[PDB]
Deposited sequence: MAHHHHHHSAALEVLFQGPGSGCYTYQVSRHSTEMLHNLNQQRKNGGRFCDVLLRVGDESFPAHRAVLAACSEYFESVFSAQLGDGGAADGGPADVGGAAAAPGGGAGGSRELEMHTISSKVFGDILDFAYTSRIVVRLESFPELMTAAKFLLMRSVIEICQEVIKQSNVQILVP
């Protein structure tokens, strides 16, 4: 779990690294959210469901949320697809359902989450149907 990645910037200094640290950090943030919304400063309501979250975490993966939180402010998004998108932000894993994949694309593009957009593009590429707009 530990590693002397580098023998330190100077003399007598050592630089360690905990490889699992970012994974555990996100896991603990996700456990905060799912256990009552500990330390969460935003409640996201989609339909009949409310989602607690951390503004800093949404801003770190979404240009849309980053800007909305900084400004104090056709493409409907369902709570199920939005819950999958939150799950990806907090776990690095997203479920792609074919029956609701059009909704996922709509949400990913509106929320400007590059990683989810790249996953959508990968699903599109695997269909072998390339879309060229001259």
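Within the chain's deposited sequence, the coordinate-free stretches run 1-10, 84-114 in sequence order.
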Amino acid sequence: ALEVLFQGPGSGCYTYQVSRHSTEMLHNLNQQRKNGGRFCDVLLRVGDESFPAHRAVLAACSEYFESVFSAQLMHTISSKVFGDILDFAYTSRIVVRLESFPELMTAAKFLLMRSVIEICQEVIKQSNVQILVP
From here on, numbers count along this sequence of modelled residues.
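Of the two segments examined, 76-84 and 24-32, it is 76-84 that shows the higher average Cα temperature factor in the deposited entry. As recorded in the PDB entry, 1-9 is the stretch of 1-9 and 123-131 with the greater mean C-alpha temperature factor. Per the deposited record, 71 carries the highest C-alpha B-factor of all listed residues (71, 108, 96, 58). Per the deposited record, the Cα B-factor of residue 113 falls in the lowest third when ranked against the other modelled residues of its chain. When the CA B factors of the chain's modelled residues are split into thirds, the value for residue 48 lands in the highest one.
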